[PDB]
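The structure appears below as C-alpha cells.
Cβ coordinates were reconstructed from backbone atoms using ideal geometry, including for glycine residues, and neighbour counts include every protein chain displayed. Basis: the model, the stated rules and, where named, an outside source; nothing here is a laboratory result.
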Amino acid sequence: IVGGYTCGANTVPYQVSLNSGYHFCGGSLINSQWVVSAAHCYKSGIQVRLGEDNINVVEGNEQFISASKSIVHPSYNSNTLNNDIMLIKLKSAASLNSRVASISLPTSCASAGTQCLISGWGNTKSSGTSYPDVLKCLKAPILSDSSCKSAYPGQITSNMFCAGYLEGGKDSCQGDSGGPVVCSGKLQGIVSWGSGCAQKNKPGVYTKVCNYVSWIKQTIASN
Ligand SMILES: NC(=[NH2+])c1ccc2[nH]c(-c3ccccc3O)nc2c1
Ligand SMILES: [Ca+2]
C-alpha cells in the first residue's frame, strides 16, 4: 500500500496473509473455513495466516491453517485477469473472535464515489520495493466507469472497477494482490492489478465481487 497508514493491530479482522515460506498475497475470511483471494495468487503449498499484524513476529492472536483446496474461477483468464477470484477452503475451521472475524459479501454492487478501505502488507513505494512488517490501510473511493475505461482503454471488463486517486500518491501495490476492498462493511473488491503503483492517471483495478456472490455461495455449498 503506497500513501496509506498503519491500520493498528487486528483492526481489520478479516484480512489474511497467504504464506508459502514468505507473504506473497492477501485474502479475506468470509466464514470460518473459506477465504476469497485473487486467482493470480494461486500456487500449491499455501498456509493461511489469520490474526496477523506484524508478519515477521508471532505476537499472539495468530492462527496458521493450511489450505485443503484452492478453487480458481473456471473462466479466469491470466492474460486479461478477467474473473480474477479464487476460493481457498481451510483444513480446519478458524476460531472466530474479535481479532479473527469474517466479512460479509455484498447484496448490491457499490457506486462510484463510495469510500472503501483497502489493506495489505504490499510494497509502500511506487519506485523500488519497501515491504512493511505491519498491516497498512488506505481509504480510496470507487471511480466512475468512464474515468476507469479512459485510464485503461480496452482493458476493463464488467467484472472490474477502478478505485483510487488519479493525482497519484496513494494506491494498493505488489504484495497487496488478493486482499480486500471493503465498503460499508461489505467485501466489494479484491486487489487485482494496476500499472505501476500510485502513478498519476493509473488507478488500481479490482475484481467486482458483487458479480460473483451467487458463484461463491453455490461453490461453497457444493464443497
Ligand atoms: N498498482 C496496483 N494497484 C497494484 C495492485 C496489486 C498488484 N499486484 C501486483 C503484482 C505484481 C507482480 C506479481 C503479482 C502481483 O499481484 N502489482 C500490483 C499493482
Ligand atoms: Ca505476527
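Values computed for the structure shown
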| read-out | value |
| --- | --- |
| Region 177-195 - residue that is assigned to a loop (DSSP other than H, G, I, E, B) and in contact with a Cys (Cβ under 8 Å, 6 or more places away or on another chain) and, of those, farthest from residue 105 (Cα to Cα) | 194 |
| Residue list for region 118-134, filter: in contact with an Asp or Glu (Cβ under 7 Å, 6 or more places away or on another chain), over 23 Å from residue 186 (Cβ atoms) and away from ligand 2 (no atom under 16 Å from the Cβ) | none |
| Among (1) more than 16 Å from ligand 2 (Cβ to nearest atom); (2) in contact with a helix residue (DSSP H, G or I) (Cβ under 9 Å, 6 or more places away or on another chain), the one test that residue 103 misses | (2) |
| Enumeration of residues in region 185-221 that are more than 16 Å from the chain's Cα centre (by Cα) and away from ligand 1 (no atom under 11 Å from the Cβ) | 200, 201, 214, 215, 217, 218, 219, 220, 221 |
| Selection within region 14-28 - assigned to a strand (DSSP E or B), more than 16 Å from ligand 2 (Cβ to nearest atom) and out of contact with any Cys (no Cβ under 9 Å at 6 or more places or on another chain) | 28 |
| Within region 46-69, considering residues that are under 18 Å from the mean Cα position of the chain (by Cα) and hydrophobic (A, V, I, L, M, F, W, C), the one surrounded by the fewest Cβ atoms within 10 Å (Cβ to Cβ) | 55 |
| Residues of region 54-91 classified as more than 25 Å from residue 209 (Cα to Cα) and either away from ligand 2 (no atom under 16 Å from the Cβ) or touching a residue at least 24 places away in the same chain (Cβ under 8 Å) (or both), total | 8 |
| Residues satisfying the stated conditions in region 103-123, i.e. crowded, with 19+ Cβ neighbours inside 10 Å, of a type in the set (S, T, N, Q) and assigned to a loop (DSSP other than H, G, I, E, B) | 123 |
| Answer residue from region 135-154, given it is within 28 Å of residue 186 (Cβ to Cβ) and without any contact (Cβ under 8 Å) to a residue 40 or more places away in the chain and is surrounded by the most Cβ atoms within 10 Å (Cβ to Cβ) among those | 141 |
| Residue in region 150-164 that is part of a helix (DSSP H, G or I), over 26 Å from residue 102 (Cα atoms) and either away from ligand 2 (no atom under 16 Å from the Cβ) or not β-branched (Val, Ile, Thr) (or both) present | yes |
| Any strands (runs of 3 or more DSSP E) falling wholly within region 39-102 and containing at least 3 residues that are touching a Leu at 6+ places or on another chain (Cβ under 9 Å), under 25 Å from residue 204 (Cβ atoms) and away from ligand 1 (no atom under 16 Å from the Cβ) | 47-50 |
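Residues checked against (1) of a type in the set (S, T, N, Q); (2) farther than 20 Å from residue 194 by Cα; (3) assigned by CATH to the domain that holds residue 17:
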{"residue": "75", "(1), (2), (3)": "yes, yes, yes"}
{"residue": "80", "(1), (2), (3)": "yes, no, yes"}
{"residue": "91", "(1), (2), (3)": "no, yes, yes"}
{"residue": "112", "(1), (2), (3)": "no, no, no"}
{"residue": "156", "(1), (2), (3)": "no, no, no"}
